[PDB]
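Q: Sequence order for the protein chains is A, B, C, D, E and F.
Take this note's numbering: the final residue in the first sequence is number 121, and no numbers are missing along the way.
Take this note's numbering: the final residue in the second sequence is number 170, and no numbers are missing along the way.
Take this note's numbering: the final residue in the third sequence is number 170, and no numbers are missing along the way.
Take this note's numbering: the final residue in the fourth sequence is number 124, and no numbers are missing along the way.
Take this note's numbering: the final residue in the fifth sequence is number 133, and no numbers are missing along the way.
Take this note's numbering: the final residue in the sixth sequence is number 121, and no numbers are missing along the way.
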Amino acid sequence: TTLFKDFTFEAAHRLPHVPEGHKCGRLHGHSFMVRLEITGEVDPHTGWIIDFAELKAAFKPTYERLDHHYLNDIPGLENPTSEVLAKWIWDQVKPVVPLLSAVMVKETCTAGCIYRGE
Amino acid sequence: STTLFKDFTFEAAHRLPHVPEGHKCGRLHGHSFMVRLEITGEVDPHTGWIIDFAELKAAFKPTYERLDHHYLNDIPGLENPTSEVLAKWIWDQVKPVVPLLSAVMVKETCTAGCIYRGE
Amino acid sequence: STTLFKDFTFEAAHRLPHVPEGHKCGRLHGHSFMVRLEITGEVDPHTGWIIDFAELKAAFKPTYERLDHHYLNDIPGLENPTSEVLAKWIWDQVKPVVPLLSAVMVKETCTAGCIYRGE
Amino acid sequence: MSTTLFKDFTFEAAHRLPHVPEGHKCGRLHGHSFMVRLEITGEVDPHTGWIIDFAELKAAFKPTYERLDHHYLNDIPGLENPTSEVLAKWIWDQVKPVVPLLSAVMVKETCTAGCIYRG
Amino acid sequence: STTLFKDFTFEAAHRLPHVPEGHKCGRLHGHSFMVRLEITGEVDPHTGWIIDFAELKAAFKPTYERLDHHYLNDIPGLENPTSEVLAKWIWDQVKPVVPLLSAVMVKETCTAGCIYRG
Amino acid sequence: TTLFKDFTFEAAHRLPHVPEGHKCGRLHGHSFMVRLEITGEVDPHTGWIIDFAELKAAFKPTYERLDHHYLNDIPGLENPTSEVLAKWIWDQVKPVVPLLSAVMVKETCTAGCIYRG
Ligand SMILES: [Zn+2]
Ligand SMILES: [Zn+2]
Ligand SMILES: [Zn+2]
Ligand SMILES: [Zn+2]
Ligand SMILES: [Zn+2]
Ligand SMILES: [Zn+2]
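1) Between the C-alpha atoms of residue 94 of chain A and residue 166 of chain B, what's the straight-line distance to the nearest angstrom?
2) At the level of alpha carbons, what is the spacing between residue 124 of chain D and residue 70 of chain C?
3) Along the region 127 to 152 of chain B, what residues have a CB closer than 7 Å to any CB found in chain A?
4) Let's test the definition: count the other Cβ atoms within 10 Å of the Cβ of residue 69 of chain E and tell me whether it reaches 16, buried, or not, exposed.
5) Quick one: Cα of residue 53 of chain A to Cα of residue 62 of chain A, how far?
6) For residue 114 of chain C versus residue 84 of chain C, is the C-beta distance shorter than 8 Å?
7) Only counting runs of 3 or more residues, tell me where the beta strand (DSSP E) segments fall wholly within the region 23 to 100 of chain F, in order along the chain.
8) Consider the Cβ of residue 90 of chain B: report whether some Cβ of chain A lies at a distance smaller than 8 Å.
9) Please classify residue 124 of chain D: does DSSP put it in a helix, a strand, or coil?
10) Across the region 153 to 167 of chain B and the region 82 to 99 of chain B, are there enough close Cβ pairs to call them in contact, namely three or more that are closer than 8 Å?
11) Within a Cβ cutoff of 7 Å, which residues of the same chain sit near residue 92 of chain B, ignoring the five residues on either side of it in sequence?
12) CA-CA distance, residue 115 of chain F and residue 85 of chain F?
13) Report the residues of the region 29 to 43 of chain D with a CB closer than 9 Å to any CB of chain C, ordered along the chain.
14) Closer than 7 Å by C-beta to residue 88 of chain E: which residues in its own chain qualify, once you throw out the five before and the five after it? Chain order, please.
15) List, in chain order, every chain B residue whose beta-carbon is nearer than 7 Å to that of residue 114 of chain F.
16) For residue 206 of chain C and residue 120 of chain C, what's the separation of their Cα atoms in angstroms?
17) Against chain E, does residue 21 of chain F count as a neighbour if the rule is that its beta carbon must be under 8 Å from one of theirs?
18) DSSP three-state call for residue 20 of chain D: helix, strand or coil?
19) How about residue 120 of chain A: is its C-beta nearer than 8 Å to some C-beta of chain B?
20) Do residue 59 of chain F and residue 9 of chain F have their C-beta atoms closer together than 8 Å?
21) Residue 17 of chain F: beta carbon under 7 Å from a heavy atom of ligand 6?
22) Have a look at A/92, A/19, A/100 and flag the residue whose alpha-carbon is nearest the alpha-carbon of residue 49 of chain F.
23) At 7 Å on the CB atoms, spell out the chain E contacts of residue 67 of chain F, in chain order.
24) Based on Cα-Cα distance, which residue from A/29, A/27, A/14 lies nearest to residue 31 of chain D?
25) Let me check you understand the geometry: is the CB of residue 33 of chain A closer than 7 Å to at least one non-hydrogen atom of ligand 1?
26) Could you give the distance in angstroms between the alpha-carbon of residue 104 of chain D and the alpha-carbon of residue 45 of chain D?
27) Can you name the start and end residues of the beta strand (DSSP E) that residue 153 of chain C belongs to?
28) Taking Cβ-Cβ distances shorter than 8 Å, what residues in chain G pair up with residue 97 of chain B?
29) Short of 7 Å in beta carbon distance, which residues of its chain neighbour residue 104 of chain E, apart from the five on each side in sequence? Order them along the chain.
30) Measuring alpha carbon to alpha carbon, tell me which residue in A/6, A/46, A/96 is nearest residue 127 of chain A.
31) Can you give the Cα-Cα distance for residue 52 of chain C and residue 81 of chain D, rounded to whole angstroms?
32) For the candidate residues C/81, C/55, C/74, C/72, whose alpha-carbon lies nearest to that of residue 122 of chain C?
33) Let me make sure I understand the geometry here. Which of E/36, E/101, E/80 has the alpha-carbon closest to that of residue 26 of chain F?
34) Please classify residue 18 of chain E: does DSSP put it in a helix, a strand, or coil?
35) What residues in its chain sit with their C-beta under 7 Å from that of residue 29 of chain A, if we drop five residues either side in the sequence?
Here it is in structure tokens:
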């Protein structure tokens, strides 16, 4: 059994290692989506792995740093690609949500990335 | 491998009986639930599919109609109708009539869900 | 003219008391209700908006909390909690605090809803 | 008239709001996947069966689209206060001269928040 | 006023016969069409609605079944099956059976549609 | 680490081997969605597995054959089910994008197929 919860955040970023003309090298932004996936045993009394409210509360500090912010200013996100961001979120969240099994980030509606700790 | 999926939505009430005193989910409420039935297997050389979606619909229909426009807590097995219990419950009803079923996902909201895989 | 809109979703149970005896909507059930609040007015040349989304949210919050994770039929005025009655009821609750309110949309499902404009 | 055609475009951009109080999160540098709906109202041509060709709407909007997409809005003349409202009006002022039948511009900063400008 | 609406999707093929040679829309293709029917009228104080969605569905069903899993150009009146032509045709089929019909919207794609008010 | 990109195309098709009168046997169409998934090592400098634009560029010829077309006329798609289409897309794209790890095709909003080689 796997549980997941989606969050949207509104942020700016730019990619520093792309060619001079490359549109993503310009200052821009996205309505980012991030899905946190957790895997574990469901408790027979509560009937869940954990409460969505506790997941929200555990993610909030990391969420607050991402939302309505410029990502490049955050340590670790100097090259804030989808891939880099997905792993960065794992690194922030995994220590406080041990059951975390994947982080998906969507940069746009049609484009995204899934990281699992590999 | 090849996997096929079909999504269904149903409109239902429920309440969580085993949450702390104030918890909002402990009150009588409801959701537009989404369920995805995932099936895995060999695709037939002639039909070009694993199963006919109409077979899947027909097999799921009795379970679907018990869930849709209903109060889930009245259904035996769903006395604690969390997304996790519900996904397993749907698996337990559907697996016997859809042997190739490989997962059941339920979403209570647009942003929150559960996947169950028979383990 | 310029119109601003903001969507909220709430998770609630309801049942319709005045449908024929077998009607599925007469059963206790629920929805992920979406409400859109429309605001029509002059754009302030300093702020560059008609109203801050954050202020609209703050103004709506009390009404939102009465609806979300609740059973609608127990709320005074929502004894017949159709989309149309709900849209008017929301208007009546919100208009005093949001005088520029120009419409309330309520969607019960992804494919079904109504719009009230104050008449 | 009777018939209104519309076409949606999405662009990825940064902005910040200069005239919000110090704390306000929209005053910080951020961004959105902006959506813009262009609405055209006019007589449907008996021969083509349309009001306008979407290809011509694309080409007429392209120069304005390219200025918005993957850009920082505040650097664009006229968008020093790049609210939804200001943006929708600004788009209207750029596009209306090249698309005379333009009847409305909608911009959504998020999937739940936007506005409509009608001239 | 109060306006009610209901959305349906149908899966159909079409092609546009009066576009220049080579135009992609002149080729045989298809869409997941979406049609919204809007109804405007007084809310009945007993039912608390303008009409039952079931009455609307049943009124539209015959037209829906002509459109769904069909090739539109073979339908009389849809020889030039643009969004605009299709919306008006639907209106012309449905208005006699749904007198309170106030608008028909058709979307060919997620990003493109039209609204007809006869 | 897995990267994905979605594309939509507007196409007609019909299923030739379904029973008499079956709706899917009639000429019809869909707004098809296709998701290309690629799995691989992220480069330490670029910070990606590949540029979305190279993937877009690699799929374009195949995309061009699918979009605003009748699928049955394309060799390999004479029985254009979701399952057949997903495998066909994989066979076109895999040789050009060797890190490709899955292809999902959604025929409708609520129905689709995932193929993994
Ligand atoms: Zn970007
Ligand atoms: Zn619930
Ligand atoms: Zn209901
Ligand atoms: Zn903003
Ligand atoms: Zn078309
Ligand atoms: Zn089909």
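By construction, the Cβ of each residue, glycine as well, lies at the ideal position given by its N, Cα and C atoms.
A: So, to answer that:
1) Start at 1 with the first residue of the first sequence, and residue 94 of chain A comes out as number 91. Start at 1 with the first residue of the second sequence, and residue 166 of chain B comes out as number 115. Inter-residue distance for residue 94 of chain A and residue 166 of chain B is about 24 Å (C-alpha atoms, whole angstroms).
2) Here residue 124 of chain D refers to the residue found at position 119 of the fourth sequence. Here residue 70 of chain C refers to the residue found at position 19 of the third sequence. It is roughly 44 Å from the alpha-carbon of residue 124 of chain D to the alpha-carbon of residue 70 of chain C.
3) Listed by position, the residues of the region 127 to 152 of chain B near chain A (Cβ gap below 7 Å) are 131, 133, 135, 136.
4) The residue labelled residue 69 of chain E in the question sits at position 54 within the fifth sequence. Flag for residue 69 of chain E reads exposed.
5) If you number the first sequence from 1, residue 53 of chain A lands on position 50. If you number the first sequence from 1, residue 62 of chain A lands on position 59. Approximately 13 Å, taken between the alpha carbons.
6) Your numbering for residue 114 of chain C matches position 63 in the third sequence. Your numbering for residue 84 of chain C matches position 33 in the third sequence. In this structure, residue 114 of chain C sits away from residue 84 of chain C, with a CB-CB distance that is not shorter than 8 Å.
7) Counting only runs of 3 or more, we get 32 to 43.
8) As a position in the second sequence, residue 90 of chain B is number 39, starting the count at 1. Chain A, which has no Cβ nearer than 8 Å to the Cβ of residue 90 of chain B, makes this no.
9) By one-based count along the fourth sequence, residue 124 of chain D stands at place 119. Three-state result, residue 124 of chain D: coil.
10) Contact between the region 153 to 167 of chain B and the region 82 to 99 of chain B is present, because at least three Cβ pairs lie under 8 Å.
11) Numbered from its first residue, the second sequence carries residue 92 of chain B at position 41. Beyond the five residues adjoining it in sequence on each side, residue 92 of chain B comes within less than 7 Å, by CB distance, of 101, 151 in the same chain, given in chain order.
12) Looking up residue 115 of chain F in the sixth sequence gives position 111. Looking up residue 85 of chain F in the sixth sequence gives position 81. Taking the straight line joining both Cα atoms gives about 12 Å.
13) Identification of residues in the region 29 to 43 of chain D having a C-beta nearer than 9 Å to some C-beta of chain C yields 29, 30, 31, given in sequence order.
14) Here the question's residue 88 of chain E lines up with position 73 in the fifth sequence. These residues qualify, in order along the chain: 29, 30, 94, 96.
15) Taking the first residue of the sixth sequence as position 1, residue 114 of chain F is located at position 110. Within chain B, the residues near residue 114 of chain F are 57, 58.
16) Absent from the structure is residue 206 of chain C, since the part of chain C shown begins at 52 and ends at 170.
17) Here residue 21 of chain F refers to the residue found at position 17 of the sixth sequence. With its beta carbon at least 8 Å from every one in chain E, residue 21 of chain F lies outside the interface.
18) The count along the fourth sequence starts at 1 and reaches residue 20 of chain D at position 15. DSSP places residue 20 of chain D in strand when its eight states are reduced to three.
19) To locate residue 120 of chain A, count along the first sequence from 1; it is residue 117. No, because no Cβ of chain B sits closer than 8 Å to the Cβ of residue 120 of chain A.
20) Here residue 59 of chain F refers to the residue found at position 55 when the sixth sequence is read from its first residue. Here residue 9 of chain F refers to the residue found at position 5 when the sixth sequence is read from its first residue. Yes; because the gap between Cβ atoms is below 8 Å, this pair is in contact.
21) Residue mapping note: residue 17 of chain F aligns to position 13 of the sixth sequence, counting from 1. Residue 17 of chain F: yes, Cβ under 7 Å from ligand 6.
22) In the sixth sequence, residue 49 of chain F corresponds to position 45, counting from 1. Among A/92, A/19, A/100, the Cα nearest to that of residue 49 of chain F belongs to A/19.
23) Taking the first residue of the sixth sequence as position 1, residue 67 of chain F is located at position 63. Residues of chain E with a Cβ closer than 7 Å to the Cβ of residue 67 of chain F do not exist; the shortest Cβ-Cβ separation is about 12 Å.
24) Here residue 31 of chain D corresponds to residue number 26 of the fourth sequence, with the count starting at 1. In this structure, A/14 is the residue among A/29, A/27, A/14 with its C-alpha nearest to the C-alpha of residue 31 of chain D.
25) Looking up residue 33 of chain A in the first sequence gives position 30. Within the cutoff, so yes.
26) Residue 104 of chain D sits at position 99 when you count from the first residue of the fourth sequence. Residue 45 of chain D sits at position 40 when you count from the first residue of the fourth sequence. Computed Cα separation, rounded: 8 Å.
27) Numbered from its first residue, the third sequence carries residue 153 of chain C at position 102. Looking at the DSSP string, the run of the beta strand (DSSP E) that includes residue 153 of chain C is 152 to 160.
28) Of the protein chains in the structure, A, B, C, D, E and F, none is chain G.
29) Against the fifth sequence, residue 104 of chain E aligns to sequence position 89. Excluding positions up to five away in sequence, the list reads 92, 93.
30) Since the displayed chain A opens at 4 and closes at 121, residue 127 of chain A lies outside it and no answer follows.
31) Within the third sequence, numbered from 1, the residue matching residue 52 of chain C stands at position 1. Within the fourth sequence, numbered from 1, the residue matching residue 81 of chain D stands at position 76. Residue 52 of chain C and residue 81 of chain D: Cα-Cα distance of roughly 24 Å.
32) Position 71 of the third sequence, counted from the first residue, corresponds to residue 122 of chain C. Closest option to residue 122 of chain C, Cα to Cα, is C/81.
33) Position 22 of the sixth sequence, counted from the first residue, corresponds to residue 26 of chain F. Cα-wise, what sits closest to residue 26 of chain F is E/80.
34) One-based indexing of the fifth sequence puts residue 18 of chain E at position 3. Here DSSP, grouped into helix, strand and coil, assigns residue 18 of chain E to strand.
35) In the first sequence, residue 29 of chain A corresponds to position 26, counting from 1. 17, listed in sequence order.
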